[PDB]
Amino acid sequence: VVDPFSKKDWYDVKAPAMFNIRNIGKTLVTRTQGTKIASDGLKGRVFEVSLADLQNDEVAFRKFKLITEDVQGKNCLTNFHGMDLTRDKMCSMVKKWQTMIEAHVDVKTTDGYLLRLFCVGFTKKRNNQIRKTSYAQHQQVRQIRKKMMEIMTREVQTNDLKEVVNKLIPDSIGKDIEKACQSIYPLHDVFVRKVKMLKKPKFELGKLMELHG
Amino acid sequence: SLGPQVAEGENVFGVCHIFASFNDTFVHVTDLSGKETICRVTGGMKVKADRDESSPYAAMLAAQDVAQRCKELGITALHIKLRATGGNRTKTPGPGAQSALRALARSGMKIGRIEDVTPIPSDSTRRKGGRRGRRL
Amino acid sequence: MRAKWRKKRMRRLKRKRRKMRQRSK
Amino acid sequence: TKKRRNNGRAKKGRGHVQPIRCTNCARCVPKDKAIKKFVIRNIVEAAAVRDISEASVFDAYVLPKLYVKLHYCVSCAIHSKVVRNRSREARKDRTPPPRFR
Amino acid sequence: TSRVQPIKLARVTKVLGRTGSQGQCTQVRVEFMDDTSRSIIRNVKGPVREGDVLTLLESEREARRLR
RNA sequence: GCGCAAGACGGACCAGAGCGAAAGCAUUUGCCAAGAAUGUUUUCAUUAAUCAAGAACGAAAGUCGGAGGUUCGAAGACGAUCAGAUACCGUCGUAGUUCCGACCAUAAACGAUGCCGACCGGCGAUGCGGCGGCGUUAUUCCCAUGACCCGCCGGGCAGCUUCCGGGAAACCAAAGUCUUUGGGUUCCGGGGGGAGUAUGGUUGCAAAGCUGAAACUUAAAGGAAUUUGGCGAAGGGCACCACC
RNA sequence: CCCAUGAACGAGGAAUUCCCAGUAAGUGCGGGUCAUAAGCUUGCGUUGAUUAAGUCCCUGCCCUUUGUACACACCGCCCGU
RNA sequence: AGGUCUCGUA
Ligand SMILES: [Zn+2]
């Protein structure tokens with residue numbers, strides 16, 4: 001009888017200046033009818049956009065979560081909320097005749113942004129190796145897990161989120177873990193397969209407007 | 001009624017979840033946030049036959065209808081997310097996913113990123129049925 | 001007639017005999 | 001009489017293995033006896049591949065691959081024609097089937 | 001679709017075994033005379049020799065098996 | 001799509017790989033106690049192997065008393081298949097599935113093979129510890145250690161071949177060293193039913209557990225392997241009395 | 001043999017038969033059945049081309065492997081009220 | 001200086 005789309009708006013979401021591409025997409029929201037504010041339906045929004053559509057030229061199988069914190073007008077502002085990996089990549093990384101090492105660390109940054117970083121690692125076969133299994137001892141696995149835990153907890157408490165997100169754009173933490181684990185057992189790839197945001201501090205406006213240039 | 005920006009500047013992006021089981025096909029188009037949608041068209045509305053709910057024809061017709069509505073609104077490009085039944089029963093998408101995707105991409109739409117969002121569990125409860133399984 | 005159901009029926013018969021003896025003797 | 005040197009499984013010094021569930025059926029079977037099938041498959045086979053390829057937002061893109069593992073009970077594995085009966089001396093051959101396609 | 005393609009003529013340089021329920025379809029590896037680079041597997045009805053020229057309406061459809 | 005609450009559970013990594021007397025055992029970390037093997041020019045010096053009485057543990061189902069009850073699901077309610085289904089199937093669904101106690105002590109608890117000790121062929125792999133040796137890697141040098149490779153030694157789950165040998169055969173480095181019959185020591189079998197029944201004892205709230213016949217009846221019941229028989233088994237070949 | 005009366009039949013449902021080189025088919029002529037005797041059968045002539053050089057999908061048959069409590073052999077054997 | 005670089009085919 002009546003199309004609700006006539007009573008609809010359109011807003012463009014923005015990305016923090018710490019990334020290259022500023023626009024992401026356009027979201028349709030019902031017009032402000034009655035006492036229900038339109039901006040109230042703009043806060044809890046999560047975008048599962050890949051980093052390829054958010055950076056000039058980088059890895060395309062990594063994804064990030066962006067949460068909106070404030071909208072000025074006809075233009076919504078976002079913030080970092082998490083990061084995940086492609087499910088196909090994770091499925092293809094877990095293969096046979098190799099040991100997977102997992103480790104979750106609950107470490108807070110300088111400010112009250114508590115994150116639970118996860119890690120995944122595998123062992124492989126040397127170019128002259130004949131043993132098809134190429135497993136690892138339990139103590140070696142424990143030592144590797146401790147090394148990964150220490151490496152991640154060292155590069156979080158010393159700095160704020162604003163530039164450790166930039167640090168997360170490449171696998172700098174992964175490369176550091178890979179280089180630090182050459183002595184126990186040679187791993188090939190270290191990935192932070194999931195990052196959750198457990199706690200956030202009191203909402204602030206100055207930090208938000210500084211984030212968007 | 002139409003797109004908020006010019007039809008020549010860039011492509012307006014929206015995400016579409018295709019849920020396919022061995023007895024139905026679900027096509028759903030929403031905004032990038034996933035909160036507000038556009039329309040929901042499934043093979044259970046097109047063909048009035050339950051035994052033929054999961055078929056390439058029903059999926060094709062539902063995809064054509066949803067693509068026509070999407071073109072009417074003004075959304076140009078779609079990010080497609082496949083999903084099977086998940087839970088604990090099966091992980092293979094139903095027969096309607098292939099035909100639905102081919103139909104909605106042949107309608108004239110543009111397709112971006114593909115991602116599987118099936119709810120595969122690390123460890124679920126006991127599967128339905130007895131110890132000896134479902135024998136027919 | 002397999003052994004399992006035969007044993008179950010014999011157990012039922014023994015239970016009946018025991019019950020009748022206990023309510024009668 | 002005994003048909004196989006083993007007991008139709010790989011349990012030699014354990015005495016118990018984790019029970020899993022079949023995929024085609026719902027039967028609960030031991031892990032080492034249940035036939036496990038690993039399949040590598042793409043999203044589209046030969047029909048929508050062109051439609052995705054030429055009609056796409058991005059160029060120079062590799063199609064994603066769906067990954068899943070299958071567990072088949074013996075009755076379900078044979079009824080779906082995954083394995084078939086062999087000769088008495090042909091059952092002793094443990095070589096995997098040839099793969100060239 | 002909004003896709004218009006020219007009518008391409010290809011050369012059958014090899015005939016393979018006949019496919020189908022009753023063997024009514026043969027499989028050949030066509031060869032574009034203008035582009036001596038691609039060898040596409042295409043199914044064609046009727047009797048065909050090795051050396052005839054076909055009329056491929058589309059040059060991308062690689063013929064599959066029965067279904 | 002975003003948050004909340006509850007219970008169960010530990011996928012892919014997961015293997016003819018590991019540990020435990022058996023049943024059995026998988027998310028990270030912290031604490032407590034124990035054990036096999038390897039190494040030993042340490043210590044005691046026959047302290048040894050198997051076992052009537054007795055004793056601990058013992059899958060799921062089974063009962064009693066508390067807490068929780070997410071999911072699956074005996075009994076039950078309903079609908080279709082069916083000639084007939086209170087069966088196969090589908091939706092709900094109590095007791096149970098979970099934990100803390102108190103009980104039973106049962107399986108195809110199977111390697112259907114008791115334990116200790118000696119000997120008699122070979123060949124590669126895998127997990128542990130020790131030992132010798134080129135060479136790469138933790139970037140380029142020096143050493144110790146991990147990772148890789150080439151061997152050796154001891155114990156352990158297993159693999160392949162054979163006129164050692166054996167068996168009725170299936171097959172077995174043990175199921176061998178057995179009429180050319182004796183290494184040590186426990187339990188147990190005497191044609192097939194009746195029958196693991198009745199009875200007596202005994203343990204248990206109960207369910208049931210251990211010990212356990214006789215009267216009558218039959219000349220068969222059974223183990224291995226070939227040729228045809230049939231499959232609502234698989235895989236091949238042919239036919240214009242099959243097809244395109 | 002001659003005259004006259006002129007219905008259905010306007011190319012055929014489900015289903016189904018035969019066949020590929022001088023071929024089906026169109027066409028006519030002999031022998032057998034015969035005192036009267038070809039809508040049958042068996043041969044004989046004449047005109048005459050396409051549909052393919054394959055397959056196991058259907059309808060059937062035949063071998064290999066596999067399982068057996070069946071040997072009069074599935075029309076078998078066999079359990080219970 | 002020239003303009004589809006050579007051999008086989010799930
Ligand atoms: Zn099954």
# chains A, B, ... in the order shown; residues from 1 in each chain; ligands from 1
>>> residues_near_ligand(ligand="ligand 1", cutoff="8 Å", atoms="only C-alpha atoms (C1' of nucleotides) and all ligand atoms", output="PyMOL selection string")
(chain B and resi 133) or (chain D and resi 21-27+71-77)
>>> residues_around(residues="residue 74 (chain F)", least_positions_apart="4", cutoff="12 Å", atoms="only C-alpha atoms (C1' of nucleotides)", output="ChimeraX atom specification")
/B:130 /F:61,93-97
>>> write_last_selection(atoms="N, CA, C and O atoms (P, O5', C5', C4', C3', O3' and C1' of nucleotides)", output="PDB file, in the first residue's frame")
ATOM      1  N   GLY B 130      19.149 -41.632  16.457  1.00  0.00           N
ATOM      2  CA  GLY B 130      19.644 -42.643  17.365  1.00  0.00           C
ATOM      3  C   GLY B 130      21.110 -42.967  17.139  1.00  0.00           C
ATOM      4  O   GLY B 130      21.790 -42.384  16.295  1.00  0.00           O
TER       5      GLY B 130
ATOM      6  P     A F  61      24.094 -44.466  31.378  1.00  0.00           P
ATOM      7  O5'   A F  61      23.143 -45.736  31.246  1.00  0.00           O
ATOM      8  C5'   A F  61      22.247 -45.872  30.153  1.00  0.00           C
ATOM      9  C4'   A F  61      21.714 -47.277  30.064  1.00  0.00           C
ATOM     10  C3'   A F  61      20.970 -47.771  31.294  1.00  0.00           C
ATOM     11  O3'   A F  61      19.614 -47.362  31.320  1.00  0.00           O
ATOM     12  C1'   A F  61      22.579 -49.373  30.676  1.00  0.00           C
ATOM     13  P     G F  93       9.089 -30.713  23.764  1.00  0.00           P
ATOM     14  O5'   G F  93       8.909 -32.077  24.568  1.00  0.00           O
ATOM     15  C5'   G F  93       7.775 -32.290  25.395  1.00  0.00           C
ATOM     16  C4'   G F  93       7.537 -33.758  25.644  1.00  0.00           C
ATOM     17  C3'   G F  93       8.679 -34.516  26.299  1.00  0.00           C
ATOM     18  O3'   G F  93       8.722 -34.341  27.704  1.00  0.00           O
ATOM     19  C1'   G F  93       7.859 -35.755  24.460  1.00  0.00           C
ATOM     20  P     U F  94      10.099 -33.939  28.427  1.00  0.00           P
ATOM     21  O5'   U F  94      10.053 -34.732  29.808  1.00  0.00           O
ATOM     22  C5'   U F  94       9.083 -34.421  30.798  1.00  0.00           C
ATOM     23  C4'   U F  94       8.686 -35.644  31.586  1.00  0.00           C
ATOM     24  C3'   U F  94       9.823 -36.416  32.238  1.00  0.00           C
ATOM     25  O3'   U F  94      10.246 -35.850  33.466  1.00  0.00           O
ATOM     26  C1'   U F  94       8.397 -37.922  31.109  1.00  0.00           C
ATOM     27  P     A F  95      11.808 -35.815  33.846  1.00  0.00           P
ATOM     28  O5'   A F  95      12.194 -37.347  34.047  1.00  0.00           O
ATOM     29  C5'   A F  95      11.688 -38.093  35.145  1.00  0.00           C
ATOM     30  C4'   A F  95      12.106 -39.539  35.068  1.00  0.00           C
ATOM     31  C3'   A F  95      13.603 -39.793  34.975  1.00  0.00           C
ATOM     32  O3'   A F  95      14.242 -39.764  36.239  1.00  0.00           O
ATOM     33  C1'   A F  95      12.481 -41.079  33.340  1.00  0.00           C
ATOM     34  P     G F  96      15.807 -39.420  36.352  1.00  0.00           P
ATOM     35  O5'   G F  96      16.527 -40.679  35.694  1.00  0.00           O
ATOM     36  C5'   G F  96      17.926 -40.673  35.461  1.00  0.00           C
ATOM     37  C4'   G F  96      18.259 -41.180  34.081  1.00  0.00           C
ATOM     38  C3'   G F  96      19.394 -40.459  33.372  1.00  0.00           C
ATOM     39  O3'   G F  96      20.672 -40.919  33.773  1.00  0.00           O
ATOM     40  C1'   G F  96      17.557 -40.664  31.904  1.00  0.00           C
ATOM     41  P     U F  97      21.836 -39.867  34.112  1.00  0.00           P
ATOM     42  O5'   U F  97      22.322 -39.361  32.682  1.00  0.00           O
ATOM     43  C5'   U F  97      22.805 -40.282  31.715  1.00  0.00           C
ATOM     44  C4'   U F  97      22.936 -39.647  30.354  1.00  0.00           C
ATOM     45  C3'   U F  97      23.791 -38.391  30.285  1.00  0.00           C
ATOM     46  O3'   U F  97      25.177 -38.675  30.201  1.00  0.00           O
ATOM     47  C1'   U F  97      21.754 -38.022  29.144  1.00  0.00           C
TER      48        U F  97
END
>>> residues_around(residues="residue 56 (chain E)", least_positions_apart="6", cutoff="9 Å", atoms="only C-alpha atoms (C1' of nucleotides)", output="PyMOL selection string")
chain E and resi 7-10
>>> write_last_selection(atoms="N, CA and C atoms", output="mmCIF file, in the first residue's frame")
data_model
loop_
_atom_site.group_PDB
_atom_site.id
_atom_site.type_symbol
_atom_site.label_atom_id
_atom_site.label_comp_id
_atom_site.auth_asym_id
_atom_site.auth_seq_id
_atom_site.Cartn_x
_atom_site.Cartn_y
_atom_site.Cartn_z
ATOM 1 N N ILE E 7 30.751 -14.315 -34.666
ATOM 2 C CA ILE E 7 30.624 -15.732 -34.991
ATOM 3 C C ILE E 7 32.000 -16.230 -35.417
ATOM 4 N N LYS E 8 32.608 -17.071 -34.587
ATOM 5 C CA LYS E 8 33.973 -17.530 -34.796
ATOM 6 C C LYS E 8 33.978 -18.894 -35.474
ATOM 7 N N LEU E 9 34.935 -19.090 -36.375
ATOM 8 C CA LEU E 9 35.119 -20.351 -37.079
ATOM 9 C C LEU E 9 36.413 -20.999 -36.606
ATOM 10 N N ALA E 10 36.333 -22.268 -36.221
ATOM 11 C CA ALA E 10 37.459 -22.994 -35.657
ATOM 12 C C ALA E 10 37.766 -24.229 -36.495
#
>>> select_by_dssp(residues="chain A", states="helix (DSSP H, G or I)", output="PyMOL selection string")
chain A and resi 4-7+38-41+87-93+138-154+161-168+172-180+206-211
>>> select_by_dssp(residues="region 24-63 of chain B", states="strand (DSSP E)", output="number ranges by chain")
B: 24-30, 37-42
>>> residues_around(residues="residue 100 (chain A)", least_positions_apart="5", cutoff="10 Å", atoms="only C-alpha atoms (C1' of nucleotides)", output="list in words")
residues 93, 94, 95, 119, 120, 121, 122, 123, 135, 136, 141 and 187 of chain A; 13 of chain F
>>> write_last_selection(atoms="N, CA and C atoms (P, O5', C5', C4', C3', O3' and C1' of nucleotides)", output="PDB file, in the first residue's frame")
ATOM      1  N   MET A  93      45.025 -23.330   5.618  1.00  0.00           N
ATOM      2  CA  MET A  93      46.274 -23.323   6.373  1.00  0.00           C
ATOM      3  C   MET A  93      46.426 -24.578   7.225  1.00  0.00           C
ATOM      4  N   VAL A  94      45.320 -25.110   7.743  1.00  0.00           N
ATOM      5  CA  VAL A  94      45.348 -26.284   8.609  1.00  0.00           C
ATOM      6  C   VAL A  94      45.403 -27.513   7.707  1.00  0.00           C
ATOM      7  N   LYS A  95      46.572 -28.140   7.637  1.00  0.00           N
ATOM      8  CA  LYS A  95      46.787 -29.328   6.824  1.00  0.00           C
ATOM      9  C   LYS A  95      47.278 -30.476   7.707  1.00  0.00           C
ATOM     10  N   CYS A 119      46.561 -16.616  18.077  1.00  0.00           N
ATOM     11  CA  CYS A 119      47.685 -16.921  17.205  1.00  0.00           C
ATOM     12  C   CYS A 119      47.561 -18.335  16.658  1.00  0.00           C
ATOM     13  N   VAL A 120      48.110 -18.529  15.460  1.00  0.00           N
ATOM     14  CA  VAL A 120      48.144 -19.828  14.800  1.00  0.00           C
ATOM     15  C   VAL A 120      49.517 -20.010  14.166  1.00  0.00           C
ATOM     16  N   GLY A 121      50.091 -21.200  14.332  1.00  0.00           N
ATOM     17  CA  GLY A 121      51.381 -21.504  13.739  1.00  0.00           C
ATOM     18  C   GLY A 121      51.461 -22.961  13.340  1.00  0.00           C
ATOM     19  N   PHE A 122      52.319 -23.232  12.357  1.00  0.00           N
ATOM     20  CA  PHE A 122      52.496 -24.581  11.840  1.00  0.00           C
ATOM     21  C   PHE A 122      53.975 -24.876  11.642  1.00  0.00           C
ATOM     22  N   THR A 123      54.302 -26.163  11.650  1.00  0.00           N
ATOM     23  CA  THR A 123      55.628 -26.639  11.292  1.00  0.00           C
ATOM     24  C   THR A 123      55.602 -27.212   9.880  1.00  0.00           C
ATOM     25  N   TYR A 135      56.877 -33.690  13.305  1.00  0.00           N
ATOM     26  CA  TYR A 135      56.128 -33.272  14.479  1.00  0.00           C
ATOM     27  C   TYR A 135      57.045 -32.488  15.417  1.00  0.00           C
ATOM     28  N   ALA A 136      56.541 -32.154  16.601  1.00  0.00           N
ATOM     29  CA  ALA A 136      57.310 -31.429  17.600  1.00  0.00           C
ATOM     30  C   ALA A 136      57.035 -32.005  18.980  1.00  0.00           C
ATOM     31  N   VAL A 141      56.548 -27.262  21.979  1.00  0.00           N
ATOM     32  CA  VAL A 141      55.298 -26.554  21.728  1.00  0.00           C
ATOM     33  C   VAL A 141      55.005 -25.573  22.856  1.00  0.00           C
ATOM     34  N   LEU A 187      58.946 -22.548  12.449  1.00  0.00           N
ATOM     35  CA  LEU A 187      57.605 -22.311  11.936  1.00  0.00           C
ATOM     36  C   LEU A 187      57.676 -21.429  10.696  1.00  0.00           C
TER      37      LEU A 187
ATOM     38  P     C F  13      42.667 -33.370  10.474  1.00  0.00           P
ATOM     39  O5'   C F  13      43.781 -32.628  11.337  1.00  0.00           O
ATOM     40  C5'   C F  13      44.802 -31.866  10.710  1.00  0.00           C
ATOM     41  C4'   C F  13      45.760 -31.291  11.720  1.00  0.00           C
ATOM     42  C3'   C F  13      46.352 -32.280  12.711  1.00  0.00           C
ATOM     43  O3'   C F  13      47.458 -32.984  12.176  1.00  0.00           O
ATOM     44  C1'   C F  13      45.597 -30.345  13.858  1.00  0.00           C
TER      45        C F  13
END
>>> residues_around(residues="residue 18 (chain F)", least_positions_apart="4", cutoff="12 Å", atoms="only C-alpha atoms (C1' of nucleotides)", output="MDAnalysis selection string")
(chainID A and resid 137:138) or (chainID D and resid 13:14) or (chainID F and resid 14 25:26 126:128 156:157)
>>> residues_around(residues="region 4-6 of chain H", least_positions_apart="2", cutoff="10 Å", atoms="only C-alpha atoms (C1' of nucleotides)", output="count of residues only")
4
>>> closest_atom_pairs(of="chain E", to="chain D", cutoff="9 Å", atoms="only C-alpha atoms", output="tab-separated table")
residue	atom	partner	partner_atom	distance
E:60	CA	D:50	CA	8.5
E:61	CA	D:50	CA	8.7
E:62	CA	D:46	CA	8.3
E:64	CA	D:46	CA	8.0
>>> atom_distance(atom1="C1' of residue 225 (chain F)", atom2="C1' of residue 168 (chain F)")
10.5 Å
>>> interface_residues(of="chain C", to="chain F", cutoff="12 Å", atoms="only C-alpha atoms (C1' of nucleotides)", output="PyMOL selection string")
chain C and resi 7+10-15+17
>>> write_last_selection(atoms="N, CA, C and O atoms", output="PDB file, in the first residue's frame")
ATOM      1  N   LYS C   7      16.742 -65.004  26.227  1.00  0.00           N
ATOM      2  CA  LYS C   7      17.178 -64.776  27.599  1.00  0.00           C
ATOM      3  C   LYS C   7      16.291 -63.752  28.292  1.00  0.00           C
ATOM      4  O   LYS C   7      15.987 -63.890  29.482  1.00  0.00           O
ATOM      5  N   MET C  10      13.113 -65.538  29.242  1.00  0.00           N
ATOM      6  CA  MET C  10      13.355 -66.423  30.378  1.00  0.00           C
ATOM      7  C   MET C  10      13.494 -65.626  31.670  1.00  0.00           C
ATOM      8  O   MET C  10      13.029 -66.060  32.731  1.00  0.00           O
ATOM      9  N   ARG C  11      14.135 -64.458  31.598  1.00  0.00           N
ATOM     10  CA  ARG C  11      14.224 -63.579  32.758  1.00  0.00           C
ATOM     11  C   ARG C  11      12.845 -63.101  33.193  1.00  0.00           C
ATOM     12  O   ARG C  11      12.556 -63.028  34.392  1.00  0.00           O
ATOM     13  N   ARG C  12      11.984 -62.766  32.229  1.00  0.00           N
ATOM     14  CA  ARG C  12      10.616 -62.370  32.555  1.00  0.00           C
ATOM     15  C   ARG C  12       9.867 -63.504  33.245  1.00  0.00           C
ATOM     16  O   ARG C  12       9.144 -63.286  34.224  1.00  0.00           O
ATOM     17  N   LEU C  13      10.027 -64.728  32.739  1.00  0.00           N
ATOM     18  CA  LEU C  13       9.365 -65.877  33.351  1.00  0.00           C
ATOM     19  C   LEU C  13       9.876 -66.124  34.767  1.00  0.00           C
ATOM     20  O   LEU C  13       9.089 -66.421  35.675  1.00  0.00           O
ATOM     21  N   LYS C  14      11.190 -66.012  34.972  1.00  0.00           N
ATOM     22  CA  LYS C  14      11.748 -66.183  36.310  1.00  0.00           C
ATOM     23  C   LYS C  14      11.246 -65.099  37.255  1.00  0.00           C
ATOM     24  O   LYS C  14      10.957 -65.372  38.427  1.00  0.00           O
ATOM     25  N   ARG C  15      11.142 -63.861  36.765  1.00  0.00           N
ATOM     26  CA  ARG C  15      10.593 -62.782  37.579  1.00  0.00           C
ATOM     27  C   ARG C  15       9.149 -63.067  37.965  1.00  0.00           C
ATOM     28  O   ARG C  15       8.749 -62.836  39.112  1.00  0.00           O
ATOM     29  N   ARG C  17       7.730 -66.044  38.232  1.00  0.00           N
ATOM     30  CA  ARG C  17       7.738 -67.130  39.208  1.00  0.00           C
ATOM     31  C   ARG C  17       8.120 -66.621  40.593  1.00  0.00           C
ATOM     32  O   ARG C  17       7.490 -66.977  41.595  1.00  0.00           O
TER      33      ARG C  17
END
>>> residues_around(residues="residue 63 (chain A)", least_positions_apart="6", cutoff="6 Å", atoms="only C-alpha atoms (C1' of nucleotides)", output="MDAnalysis selection string")
chainID A and resid 49:51 83:85
>>> write_last_selection(atoms="C-alpha atoms", output="PDB file, in the first residue's frame")
ATOM      1  CA  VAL A  49      35.020  -5.072   4.936  1.00  0.00           C
ATOM      2  CA  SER A  50      38.198  -6.619   3.575  1.00  0.00           C
ATOM      3  CA  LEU A  51      41.450  -4.691   3.836  1.00  0.00           C
ATOM      4  CA  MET A  83      40.092  -8.088  12.786  1.00  0.00           C
ATOM      5  CA  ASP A  84      39.499 -11.547  11.350  1.00  0.00           C
ATOM      6  CA  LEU A  85      40.979 -13.750   8.643  1.00  0.00           C
TER       7      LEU A  85
END
